[PDB]
Structure formats: structure tokens, C-alpha cells
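Containing mmCIF, N, CA, C and O atoms: model10.cif.
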```cif
data_query
#
loop_
_atom_site.label_atom_id
_atom_site.label_comp_id
_atom_site.auth_asym_id
_atom_site.auth_seq_id
_atom_site.Cartn_x
_atom_site.Cartn_y
_atom_site.Cartn_z
N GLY N 1 9.76 -17.29 12.85
CA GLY N 1 10.90 -16.91 12.03
C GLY N 1 10.64 -15.60 11.28
O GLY N 1 9.49 -15.27 10.99
N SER N 2 11.72 -14.89 11.00
CA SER N 2 11.62 -13.62 10.30
C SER N 2 13.01 -13.05 10.04
O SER N 2 13.90 -13.17 10.89
N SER N 3 13.17 -12.45 8.87
CA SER N 3 14.44 -11.86 8.50
C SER N 3 14.21 -10.53 7.78
O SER N 3 13.09 -10.23 7.36
N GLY N 4 15.28 -9.76 7.65
CA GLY N 4 15.21 -8.47 6.98
C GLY N 4 15.05 -8.64 5.47
O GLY N 4 15.78 -9.41 4.85
N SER N 5 14.09 -7.91 4.92
CA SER N 5 13.83 -7.97 3.50
C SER N 5 13.24 -6.65 3.02
O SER N 5 12.57 -5.95 3.78
N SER N 6 13.51 -6.33 1.76
CA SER N 6 13.02 -5.10 1.17
C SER N 6 11.73 -5.37 0.39
O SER N 6 11.75 -6.08 -0.62
N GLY N 7 10.64 -4.80 0.88
CA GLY N 7 9.35 -4.97 0.23
C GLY N 7 9.15 -6.42 -0.21
O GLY N 7 8.70 -6.68 -1.33
N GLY N 8 9.49 -7.34 0.69
CA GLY N 8 9.35 -8.75 0.40
C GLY N 8 8.08 -9.03 -0.40
O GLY N 8 8.15 -9.27 -1.61
N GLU N 9 6.96 -8.99 0.29
CA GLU N 9 5.67 -9.23 -0.34
C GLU N 9 4.63 -8.23 0.16
O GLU N 9 4.50 -8.02 1.37
N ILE N 10 3.93 -7.63 -0.78
CA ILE N 10 2.90 -6.65 -0.45
C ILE N 10 1.73 -7.36 0.22
O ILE N 10 0.98 -8.09 -0.43
N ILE N 11 1.60 -7.13 1.52
CA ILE N 11 0.53 -7.74 2.29
C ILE N 11 -0.51 -6.68 2.63
O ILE N 11 -0.26 -5.49 2.48
N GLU N 12 -1.66 -7.15 3.09
CA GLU N 12 -2.75 -6.26 3.45
C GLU N 12 -2.41 -5.50 4.73
O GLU N 12 -2.10 -6.11 5.76
N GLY N 13 -2.46 -4.18 4.64
CA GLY N 13 -2.16 -3.33 5.78
C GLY N 13 -0.97 -2.41 5.48
O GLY N 13 -0.88 -1.32 6.03
N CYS N 14 -0.10 -2.89 4.61
CA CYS N 14 1.08 -2.13 4.23
C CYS N 14 0.62 -0.74 3.79
O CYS N 14 -0.37 -0.60 3.08
N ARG N 15 1.38 0.26 4.23
CA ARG N 15 1.07 1.64 3.89
C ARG N 15 2.18 2.24 3.03
O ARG N 15 3.34 2.29 3.45
N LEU N 16 1.80 2.68 1.84
CA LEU N 16 2.75 3.28 0.92
C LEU N 16 2.05 4.33 0.07
O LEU N 16 0.83 4.28 -0.11
N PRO N 17 2.86 5.30 -0.44
CA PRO N 17 2.32 6.37 -1.26
C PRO N 17 1.98 5.86 -2.67
O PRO N 17 2.87 5.57 -3.46
N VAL N 18 0.68 5.76 -2.93
CA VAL N 18 0.21 5.29 -4.22
C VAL N 18 0.01 6.49 -5.15
O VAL N 18 -0.89 7.30 -4.93
N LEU N 19 0.85 6.56 -6.17
CA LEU N 19 0.77 7.64 -7.13
C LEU N 19 -0.69 7.90 -7.48
O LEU N 19 -1.50 6.98 -7.53
N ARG N 20 -1.00 9.18 -7.70
CA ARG N 20 -2.35 9.57 -8.04
C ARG N 20 -2.36 11.00 -8.60
O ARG N 20 -2.15 11.96 -7.86
N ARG N 21 -2.61 11.09 -9.89
CA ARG N 21 -2.65 12.38 -10.56
C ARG N 21 -4.01 13.05 -10.33
O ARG N 21 -5.02 12.63 -10.90
N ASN N 22 -3.99 14.08 -9.50
CA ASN N 22 -5.20 14.82 -9.19
C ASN N 22 -5.66 15.58 -10.44
O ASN N 22 -5.00 15.54 -11.48
N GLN N 23 -6.79 16.26 -10.29
CA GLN N 23 -7.35 17.02 -11.39
C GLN N 23 -6.25 17.83 -12.09
O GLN N 23 -5.98 17.63 -13.27
N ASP N 24 -5.65 18.73 -11.32
CA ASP N 24 -4.59 19.57 -11.85
C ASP N 24 -3.65 18.72 -12.71
O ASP N 24 -3.03 19.23 -13.64
N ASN N 25 -3.59 17.44 -12.38
CA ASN N 25 -2.74 16.52 -13.11
C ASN N 25 -1.31 16.62 -12.58
O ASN N 25 -0.36 16.73 -13.35
N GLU N 26 -1.20 16.57 -11.26
CA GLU N 26 0.10 16.65 -10.62
C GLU N 26 0.42 15.34 -9.89
O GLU N 26 -0.15 15.05 -8.84
N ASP N 27 1.33 14.58 -10.49
CA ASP N 27 1.74 13.31 -9.91
C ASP N 27 1.84 13.45 -8.39
O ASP N 27 2.82 13.99 -7.88
N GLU N 28 0.81 12.95 -7.72
CA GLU N 28 0.78 13.01 -6.26
C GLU N 28 1.28 11.70 -5.66
O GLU N 28 1.48 10.72 -6.38
N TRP N 29 1.47 11.72 -4.35
CA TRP N 29 1.94 10.54 -3.65
C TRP N 29 1.28 10.51 -2.27
O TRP N 29 1.96 10.64 -1.25
N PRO N 30 -0.07 10.35 -2.28
CA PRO N 30 -0.83 10.31 -1.04
C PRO N 30 -0.64 8.97 -0.33
O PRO N 30 -0.35 7.96 -0.97
N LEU N 31 -0.82 9.01 0.98
CA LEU N 31 -0.67 7.81 1.79
C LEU N 31 -1.85 6.87 1.52
O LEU N 31 -3.01 7.28 1.60
N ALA N 32 -1.52 5.63 1.21
CA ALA N 32 -2.53 4.63 0.93
C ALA N 32 -2.21 3.34 1.69
O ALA N 32 -1.04 3.03 1.92
N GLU N 33 -3.26 2.63 2.07
CA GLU N 33 -3.10 1.39 2.80
C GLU N 33 -3.61 0.21 1.97
O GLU N 33 -4.68 0.28 1.38
N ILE N 34 -2.81 -0.85 1.96
CA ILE N 34 -3.16 -2.04 1.21
C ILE N 34 -4.39 -2.70 1.85
O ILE N 34 -4.49 -2.76 3.07
N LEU N 35 -5.28 -3.17 0.99
CA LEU N 35 -6.50 -3.82 1.46
C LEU N 35 -6.53 -5.26 0.95
O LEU N 35 -6.74 -6.19 1.73
N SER N 36 -6.30 -5.40 -0.35
CA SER N 36 -6.30 -6.72 -0.97
C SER N 36 -5.38 -6.72 -2.19
O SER N 36 -5.21 -5.69 -2.84
N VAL N 37 -4.81 -7.89 -2.46
CA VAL N 37 -3.91 -8.03 -3.59
C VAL N 37 -4.56 -8.95 -4.63
O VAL N 37 -5.56 -9.61 -4.35
N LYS N 38 -3.95 -8.97 -5.81
CA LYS N 38 -4.46 -9.80 -6.89
C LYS N 38 -3.34 -10.01 -7.92
O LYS N 38 -2.23 -9.52 -7.75
N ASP N 39 -3.69 -10.74 -8.97
CA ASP N 39 -2.73 -11.03 -10.03
C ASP N 39 -3.48 -11.44 -11.29
O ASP N 39 -4.27 -12.39 -11.27
N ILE N 40 -3.21 -10.72 -12.37
CA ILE N 40 -3.85 -11.00 -13.64
C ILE N 40 -2.78 -11.16 -14.72
O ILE N 40 -2.65 -10.31 -15.60
N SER N 41 -2.05 -12.26 -14.63
CA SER N 41 -0.99 -12.54 -15.59
C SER N 41 0.22 -11.65 -15.32
O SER N 41 0.70 -10.96 -16.21
N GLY N 42 0.67 -11.68 -14.07
CA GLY N 42 1.82 -10.88 -13.67
C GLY N 42 1.37 -9.50 -13.19
O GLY N 42 2.06 -8.87 -12.38
N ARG N 43 0.23 -9.07 -13.70
CA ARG N 43 -0.31 -7.77 -13.32
C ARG N 43 -0.96 -7.84 -11.94
O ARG N 43 -2.17 -8.02 -11.82
N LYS N 44 -0.12 -7.70 -10.92
CA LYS N 44 -0.59 -7.75 -9.55
C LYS N 44 -1.40 -6.48 -9.25
O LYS N 44 -0.94 -5.37 -9.50
N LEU N 45 -2.59 -6.69 -8.72
CA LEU N 45 -3.47 -5.58 -8.38
C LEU N 45 -3.56 -5.45 -6.86
O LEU N 45 -3.53 -6.45 -6.14
N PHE N 46 -3.65 -4.21 -6.41
CA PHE N 46 -3.74 -3.93 -4.99
C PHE N 46 -4.77 -2.83 -4.70
O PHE N 46 -4.69 -1.74 -5.26
N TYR N 47 -5.72 -3.17 -3.84
CA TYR N 47 -6.77 -2.22 -3.48
C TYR N 47 -6.32 -1.33 -2.32
O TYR N 47 -6.47 -1.69 -1.16
N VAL N 48 -5.77 -0.18 -2.68
CA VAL N 48 -5.30 0.77 -1.69
C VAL N 48 -6.39 1.82 -1.43
O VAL N 48 -7.23 2.07 -2.30
N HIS N 49 -6.34 2.39 -0.24
CA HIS N 49 -7.32 3.40 0.14
C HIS N 49 -6.59 4.66 0.64
O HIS N 49 -5.89 4.61 1.65
N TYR N 50 -6.77 5.74 -0.10
CA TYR N 50 -6.14 7.00 0.25
C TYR N 50 -6.56 7.45 1.65
O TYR N 50 -7.74 7.46 1.98
N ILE N 51 -5.56 7.81 2.45
CA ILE N 51 -5.81 8.26 3.80
C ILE N 51 -5.31 9.70 3.96
O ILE N 51 -4.16 9.92 4.34
N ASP N 52 -6.20 10.63 3.66
CA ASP N 52 -5.86 12.04 3.76
C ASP N 52 -7.06 12.88 3.32
O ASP N 52 -7.31 13.04 2.13
N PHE N 53 -7.77 13.41 4.31
CA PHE N 53 -8.94 14.23 4.04
C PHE N 53 -9.79 13.62 2.92
O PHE N 53 -9.53 13.85 1.74
N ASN N 54 -10.79 12.85 3.34
CA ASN N 54 -11.68 12.21 2.40
C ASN N 54 -12.66 11.31 3.15
O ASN N 54 -12.35 10.83 4.25
N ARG N 55 -13.81 11.09 2.54
CA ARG N 55 -14.84 10.25 3.15
C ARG N 55 -14.52 8.78 2.91
O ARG N 55 -14.36 8.01 3.86
N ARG N 56 -14.43 8.42 1.64
CA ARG N 56 -14.13 7.05 1.27
C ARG N 56 -13.99 6.93 -0.25
O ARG N 56 -14.86 7.38 -1.00
N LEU N 57 -12.88 6.32 -0.66
CA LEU N 57 -12.62 6.14 -2.08
C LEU N 57 -12.37 4.66 -2.36
O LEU N 57 -13.24 3.97 -2.89
N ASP N 58 -11.18 4.21 -1.99
CA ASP N 58 -10.80 2.82 -2.20
C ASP N 58 -10.82 2.51 -3.69
O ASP N 58 -11.87 2.57 -4.33
N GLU N 59 -9.65 2.17 -4.21
CA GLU N 59 -9.51 1.85 -5.62
C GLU N 59 -8.29 0.96 -5.85
O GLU N 59 -7.32 1.03 -5.10
N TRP N 60 -8.37 0.15 -6.89
CA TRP N 60 -7.28 -0.75 -7.23
C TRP N 60 -6.16 0.08 -7.86
O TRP N 60 -6.42 1.09 -8.52
N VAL N 61 -4.94 -0.37 -7.64
CA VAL N 61 -3.78 0.32 -8.18
C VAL N 61 -2.77 -0.72 -8.69
O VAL N 61 -3.06 -1.91 -8.74
N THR N 62 -1.59 -0.22 -9.05
CA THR N 62 -0.53 -1.08 -9.55
C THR N 62 0.72 -0.94 -8.69
O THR N 62 0.78 -0.09 -7.80
N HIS N 63 1.70 -1.78 -8.99
CA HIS N 63 2.96 -1.75 -8.25
C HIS N 63 3.72 -0.47 -8.58
O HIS N 63 4.31 0.15 -7.70
N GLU N 64 3.69 -0.11 -9.86
CA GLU N 64 4.37 1.09 -10.32
C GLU N 64 4.05 2.27 -9.40
O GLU N 64 4.88 3.15 -9.20
N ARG N 65 2.84 2.24 -8.86
CA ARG N 65 2.40 3.30 -7.96
C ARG N 65 2.82 2.99 -6.53
O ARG N 65 2.99 3.89 -5.72
N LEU N 66 2.98 1.70 -6.25
CA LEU N 66 3.38 1.26 -4.93
C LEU N 66 4.85 1.62 -4.70
O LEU N 66 5.74 1.03 -5.29
N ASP N 67 5.05 2.60 -3.83
CA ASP N 67 6.39 3.06 -3.51
C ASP N 67 6.89 2.33 -2.26
O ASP N 67 6.96 2.92 -1.18
N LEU N 68 7.22 1.06 -2.44
CA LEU N 68 7.71 0.24 -1.34
C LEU N 68 8.86 0.97 -0.65
O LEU N 68 9.17 0.68 0.51
N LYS N 69 9.47 1.88 -1.39
CA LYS N 69 10.59 2.65 -0.86
C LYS N 69 10.09 3.57 0.26
O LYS N 69 10.88 4.18 0.96
N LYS N 70 8.77 3.63 0.39
CA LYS N 70 8.15 4.46 1.40
C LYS N 70 7.05 3.66 2.11
O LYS N 70 6.12 4.25 2.66
N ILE N 71 7.19 2.35 2.06
CA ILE N 71 6.22 1.47 2.68
C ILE N 71 6.31 1.60 4.20
O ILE N 71 7.30 2.13 4.72
N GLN N 72 5.28 1.12 4.87
CA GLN N 72 5.23 1.19 6.32
C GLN N 72 4.41 0.02 6.88
O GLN N 72 3.37 0.23 7.50
N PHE N 73 4.92 -1.18 6.64
CA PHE N 73 4.24 -2.38 7.11
C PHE N 73 3.62 -2.16 8.49
O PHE N 73 4.08 -1.31 9.25
N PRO N 74 2.55 -2.95 8.77
CA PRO N 74 1.86 -2.84 10.05
C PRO N 74 2.67 -3.49 11.17
O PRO N 74 3.49 -4.37 10.92
N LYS N 75 2.41 -3.02 12.38
CA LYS N 75 3.11 -3.54 13.55
C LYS N 75 2.18 -4.47 14.32
O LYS N 75 1.71 -4.12 15.41
N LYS N 76 1.94 -5.64 13.75
CA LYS N 76 1.07 -6.62 14.37
C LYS N 76 1.86 -7.39 15.44
O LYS N 76 2.95 -7.88 15.17
N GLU N 77 1.27 -7.46 16.62
CA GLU N 77 1.90 -8.15 17.73
C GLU N 77 3.24 -7.49 18.08
O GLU N 77 3.94 -7.00 17.20
N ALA N 78 3.55 -7.51 19.37
CA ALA N 78 4.79 -6.91 19.85
C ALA N 78 5.97 -7.59 19.15
O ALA N 78 5.96 -8.79 18.93
N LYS N 79 6.96 -6.77 18.82
CA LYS N 79 8.15 -7.27 18.16
C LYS N 79 9.23 -7.57 19.20
O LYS N 79 9.90 -6.66 19.69
N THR N 80 9.37 -8.85 19.51
CA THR N 80 10.35 -9.28 20.49
C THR N 80 10.61 -10.79 20.36
O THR N 80 9.71 -11.55 20.02
N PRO N 81 11.88 -11.18 20.64
CA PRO N 81 12.27 -12.57 20.56
C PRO N 81 11.73 -13.37 21.75
O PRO N 81 10.85 -12.89 22.47
N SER N 82 12.27 -14.56 21.92
CA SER N 82 11.85 -15.42 23.01
C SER N 82 12.59 -16.76 22.93
O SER N 82 12.30 -17.59 22.07
N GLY N 83 13.53 -16.93 23.85
CA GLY N 83 14.32 -18.16 23.90
C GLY N 83 13.45 -19.38 23.57
O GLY N 83 12.68 -19.84 24.41
N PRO N 84 13.61 -19.87 22.31
CA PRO N 84 12.85 -21.03 21.86
C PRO N 84 13.40 -22.32 22.48
O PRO N 84 14.57 -22.66 22.29
N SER N 85 12.53 -23.00 23.21
CA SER N 85 12.91 -24.25 23.86
C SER N 85 12.23 -25.43 23.16
O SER N 85 11.05 -25.36 22.83
N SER N 86 13.01 -26.48 22.97
CA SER N 86 12.50 -27.68 22.32
C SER N 86 12.05 -27.35 20.89
O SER N 86 11.10 -26.60 20.69
N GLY N 87 12.76 -27.92 19.93
CA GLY N 87 12.45 -27.70 18.53
C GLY N 87 13.02 -28.81 17.66
O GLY N 87 12.29 -29.48 16.93
#
```
Mind turning the file's structure into C-alpha cells?
Amino acid sequence: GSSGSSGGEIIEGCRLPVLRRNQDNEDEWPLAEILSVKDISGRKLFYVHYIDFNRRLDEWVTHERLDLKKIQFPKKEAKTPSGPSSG
């Protein structure tokens, strides 16, 4: 089963621009991929990893930075129906 939804639930793999103020201090929006989620009293935490010229960073972020409006969920398994028989 599956239906259309807007940023239903932030799962691991989701790719979205996680705000990040560089040195210059310019609200950036680099591509980041979800690694793990969390929750500390409503404060959901997500370990995103910037993907753009870099060795390795990986850092926890917040939803405010999570631009689901620019999310790019992963394409796990081919997306296709299949006449369900017997149910």
C-alpha cells in the first residue's frame, strides 16, 4: 500500500537542503541526506550529511533546516503496481 503525501515522515535516505550558514555567514542550502532520526521532547533530530565537495562531515540538524519542499525520497525497489490476487 502507498498513497500521495507531502513530507509524510522523514525517513533515512531522504535528500533535502539542510540550511547551513557557512563562515561568511550566508544561509546556505546544501544537499544533505538523512541518516538517522530522533526525538527529544518534540525536538526531532536528523543526522544529515552534506553532499557537495567534502571528505566527511555528518552532523545532526533540525526540521527547520529540513526543506521537505525540496526533499527527494529514495527510489527503493521499482515503482510499479501488480494485480493483487487473494486478499
query = Hey, which of N:53, N:80, N:71, N:11 ends up closest to residue 35 in chain N? Count only N, CA, C and O atoms.
reply =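 Using only N, CA, C and O atoms, the shortest distance to residue 35 in chain N belongs to N:11.
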Separation of CA of residue 79 in chain N from atom N of residue 14 in chain N in Å =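 Separating atom N of residue 14 in chain N from CA of residue 79 in chain N is a distance of 16.5 Å.
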ask   = At most 7 Å from (-1.3, -4.0, -3.8), file frame, all atoms listed in the file: which residues, as a VMD selection string?
value = chain N and resid 10 to 11 34 to 38 44 to 48 61 to 63
Take the residues that were just selected and, keeping N, CA, C and O atoms, output them as a JSON list (two decimals), in the coordinates of the input.
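Produced file result_16.json, reproduced below:
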```json
[["chain", "number", "residue", "atom", "x", "y", "z"],
["N", 10, "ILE", "N", 3.93, -7.63, -0.78],
["N", 10, "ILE", "CA", 2.90, -6.65, -0.45],
["N", 10, "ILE", "C", 1.73, -7.36, 0.22],
["N", 10, "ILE", "O", 0.98, -8.09, -0.43],
["N", 11, "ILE", "N", 1.60, -7.13, 1.52],
["N", 11, "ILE", "CA", 0.53, -7.74, 2.29],
["N", 11, "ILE", "C", -0.51, -6.68, 2.63],
["N", 11, "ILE", "O", -0.26, -5.49, 2.48],
["N", 34, "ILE", "N", -2.81, -0.85, 1.96],
["N", 34, "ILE", "CA", -3.16, -2.04, 1.21],
["N", 34, "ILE", "C", -4.39, -2.70, 1.85],
["N", 34, "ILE", "O", -4.49, -2.76, 3.07],
["N", 35, "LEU", "N", -5.28, -3.17, 0.99],
["N", 35, "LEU", "CA", -6.50, -3.82, 1.46],
["N", 35, "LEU", "C", -6.53, -5.26, 0.95],
["N", 35, "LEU", "O", -6.74, -6.19, 1.73],
["N", 36, "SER", "N", -6.30, -5.40, -0.35],
["N", 36, "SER", "CA", -6.30, -6.72, -0.97],
["N", 36, "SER", "C", -5.38, -6.72, -2.19],
["N", 36, "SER", "O", -5.21, -5.69, -2.84],
["N", 37, "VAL", "N", -4.81, -7.89, -2.46],
["N", 37, "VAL", "CA", -3.91, -8.03, -3.59],
["N", 37, "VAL", "C", -4.56, -8.95, -4.63],
["N", 37, "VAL", "O", -5.56, -9.61, -4.35],
["N", 38, "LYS", "N", -3.95, -8.97, -5.81],
["N", 38, "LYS", "CA", -4.46, -9.80, -6.89],
["N", 38, "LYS", "C", -3.34, -10.01, -7.92],
["N", 38, "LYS", "O", -2.23, -9.52, -7.75],
["N", 44, "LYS", "N", -0.12, -7.70, -10.92],
["N", 44, "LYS", "CA", -0.59, -7.75, -9.55],
["N", 44, "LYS", "C", -1.40, -6.48, -9.25],
["N", 44, "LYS", "O", -0.94, -5.37, -9.50],
["N", 45, "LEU", "N", -2.59, -6.69, -8.72],
["N", 45, "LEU", "CA", -3.47, -5.58, -8.38],
["N", 45, "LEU", "C", -3.56, -5.45, -6.86],
["N", 45, "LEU", "O", -3.53, -6.45, -6.14],
["N", 46, "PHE", "N", -3.65, -4.21, -6.41],
["N", 46, "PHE", "CA", -3.74, -3.93, -4.99],
["N", 46, "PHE", "C", -4.77, -2.83, -4.70],
["N", 46, "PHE", "O", -4.69, -1.74, -5.26],
["N", 47, "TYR", "N", -5.72, -3.17, -3.84],
["N", 47, "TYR", "CA", -6.77, -2.22, -3.48],
["N", 47, "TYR", "C", -6.32, -1.33, -2.32],
["N", 47, "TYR", "O", -6.47, -1.69, -1.16],
["N", 48, "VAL", "N", -5.77, -0.18, -2.68],
["N", 48, "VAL", "CA", -5.30, 0.77, -1.69],
["N", 48, "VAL", "C", -6.39, 1.82, -1.43],
["N", 48, "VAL", "O", -7.23, 2.07, -2.30],
["N", 61, "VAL", "N", -4.94, -0.37, -7.64],
["N", 61, "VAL", "CA", -3.78, 0.32, -8.18],
["N", 61, "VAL", "C", -2.77, -0.72, -8.69],
["N", 61, "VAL", "O", -3.06, -1.91, -8.74],
["N", 62, "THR", "N", -1.59, -0.22, -9.05],
["N", 62, "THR", "CA", -0.53, -1.08, -9.55],
["N", 62, "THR", "C", 0.72, -0.94, -8.69],
["N", 62, "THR", "O", 0.78, -0.09, -7.80],
["N", 63, "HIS", "N", 1.70, -1.78, -8.99],
["N", 63, "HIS", "CA", 2.96, -1.75, -8.25],
["N", 63, "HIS", "C", 3.72, -0.47, -8.58],
["N", 63, "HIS", "O", 4.31, 0.15, -7.70]]
```
task = Do a neighbour search on residue 29 in chain N at 7 Å with only C-alpha atoms, toss out local chain neighbours closer than 6 positions, and write the hits as a PyMOL selection string.
result = chain N and resi 17-20
query = Using only C-alpha atoms, which of N:42, N:4, N:74, N:50 sits nearest residue 28 in chain N?
reply =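 Distance minimum relative to residue 28 in chain N lands on N:50.
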inquiry  = Please report the interatomic distance between atom O of residue 67 in chain N and atom C of residue 26 in chain N in Å with one decimal.
reply    =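 We find that atom O of residue 67 in chain N and atom C of residue 26 in chain N lie 16.5 Å from each other.
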Separation of atom O of residue 85 in chain N from atom O of residue 1 in chain N, in Å and rounded to one decimal =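 Going from atom O of residue 85 in chain N over to atom O of residue 1 in chain N covers 15.6 Å.
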Axis-aligned box for all listed atoms of range 44-59 of chain N, 6 Å per side, centre and edges in Å to one decimal, as JSON:
```
{"center_x": -7.5, "center_y": 3.2, "center_z": -3.3, "size_x": 26.7, "size_y": 34.0, "size_z": 27.3}
```
request  = Using backbone DSSP assignments, extract all strand (DSSP E) residues from chain N; output them as a list in words.
outcome  =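 Listing strand (DSSP E) positions across chain N yields residues 15, 16, 17, 20, 21, 27, 28, 31, 32, 33, 34, 35, 36, 37, 46, 47, 48, 49, 50, 59, 60 and 61 of chain N.
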request  = Compare N:49, N:55, N:75, N:70 by their minimum atom-to-atom distance to residue 32 in chain N, counting only N, CA, C and O atoms, and give me the closest one.
outcome  =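 Smallest distance to residue 32 in chain N is found for N:49.
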ask   = With all atoms listed in the file as the basis for distance, which of N:65, N:73, N:58, N:83 is at the shortest distance from residue 15 in chain N?
value =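 Checking each candidate against residue 15 in chain N, we get N:73 as the closest.
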inquiry  = Between N:59, N:52, N:77, N:64, which residue has the minimum interatomic distance to residue 30 in chain N, considering only N, CA, C and O atoms?
reply    =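 Using only N, CA, C and O atoms, residue 30 in chain N sits closest to N:52.
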Dump C-alpha atoms of range 13-71 of chain N from the given block, as an mmCIF file, in the first residue's frame.
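The file below, decode-v6.cif, is the result:
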```
data_model
loop_
_atom_site.group_PDB
_atom_site.id
_atom_site.type_symbol
_atom_site.label_atom_id
_atom_site.label_comp_id
_atom_site.auth_asym_id
_atom_site.auth_seq_id
_atom_site.Cartn_x
_atom_site.Cartn_y
_atom_site.Cartn_z
ATOM 1 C CA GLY N 13 17.810 8.309 2.815
ATOM 2 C CA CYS N 14 15.600 11.310 2.153
ATOM 3 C CA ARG N 15 17.577 14.069 0.478
ATOM 4 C CA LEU N 16 16.816 17.691 1.268
ATOM 5 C CA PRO N 17 18.669 21.010 1.528
ATOM 6 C CA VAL N 18 19.681 21.383 5.155
ATOM 7 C CA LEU N 19 20.255 25.035 5.969
ATOM 8 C CA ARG N 20 23.860 25.757 6.864
ATOM 9 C CA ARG N 21 25.426 29.148 7.477
ATOM 10 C CA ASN N 22 28.965 28.982 6.147
ATOM 11 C CA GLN N 23 31.802 31.072 7.526
ATOM 12 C CA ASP N 24 30.780 34.110 5.511
ATOM 13 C CA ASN N 25 27.519 33.533 7.341
ATOM 14 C CA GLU N 26 25.351 33.092 4.270
ATOM 15 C CA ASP N 27 22.249 30.995 4.825
ATOM 16 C CA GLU N 28 23.149 28.115 2.540
ATOM 17 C CA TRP N 29 21.035 25.207 1.357
ATOM 18 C CA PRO N 30 23.438 22.365 0.535
ATOM 19 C CA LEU N 31 22.172 18.927 -0.415
ATOM 20 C CA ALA N 32 22.004 16.638 2.594
ATOM 21 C CA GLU N 33 20.899 13.045 3.033
ATOM 22 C CA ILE N 34 19.031 11.719 6.047
ATOM 23 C CA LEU N 35 20.929 9.119 8.039
ATOM 24 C CA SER N 36 19.071 8.779 11.319
ATOM 25 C CA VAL N 37 16.175 10.448 13.095
ATOM 26 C CA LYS N 38 15.479 11.160 16.747
ATOM 27 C CA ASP N 39 13.156 12.966 19.128
ATOM 28 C CA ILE N 40 13.876 14.867 22.320
ATOM 29 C CA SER N 41 10.511 16.125 23.511
ATOM 30 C CA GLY N 42 9.141 17.071 20.112
ATOM 31 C CA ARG N 43 12.610 18.162 19.061
ATOM 32 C CA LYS N 44 13.116 15.669 16.257
ATOM 33 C CA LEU N 45 16.772 15.320 15.345
ATOM 34 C CA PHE N 46 18.104 14.173 11.993
ATOM 35 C CA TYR N 47 21.667 13.244 11.115
ATOM 36 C CA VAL N 48 22.134 14.674 7.642
ATOM 37 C CA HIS N 49 25.351 14.538 5.654
ATOM 38 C CA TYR N 50 26.263 17.333 3.272
ATOM 39 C CA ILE N 51 26.892 16.043 -0.230
ATOM 40 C CA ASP N 52 28.932 18.606 -2.125
ATOM 41 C CA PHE N 53 32.710 18.767 -2.282
ATOM 42 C CA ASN N 54 33.853 17.428 1.068
ATOM 43 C CA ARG N 55 35.539 14.458 2.698
ATOM 44 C CA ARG N 56 33.123 13.750 5.523
ATOM 45 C CA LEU N 57 31.133 15.833 7.979
ATOM 46 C CA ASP N 58 27.836 14.337 9.081
ATOM 47 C CA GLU N 59 26.002 16.341 11.717
ATOM 48 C CA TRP N 60 22.631 16.439 13.434
ATOM 49 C CA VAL N 61 20.162 19.066 12.279
ATOM 50 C CA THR N 62 16.588 20.193 12.807
ATOM 51 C CA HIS N 63 13.365 20.214 10.823
ATOM 52 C CA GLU N 64 13.529 23.972 10.407
ATOM 53 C CA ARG N 65 16.527 23.231 8.219
ATOM 54 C CA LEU N 66 14.823 20.286 6.560
ATOM 55 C CA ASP N 67 13.320 21.716 3.394
ATOM 56 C CA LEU N 68 10.870 18.921 2.675
ATOM 57 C CA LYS N 69 9.738 21.311 -0.033
ATOM 58 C CA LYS N 70 12.905 20.187 -1.773
ATOM 59 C CA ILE N 71 13.048 16.634 -0.474
#
```
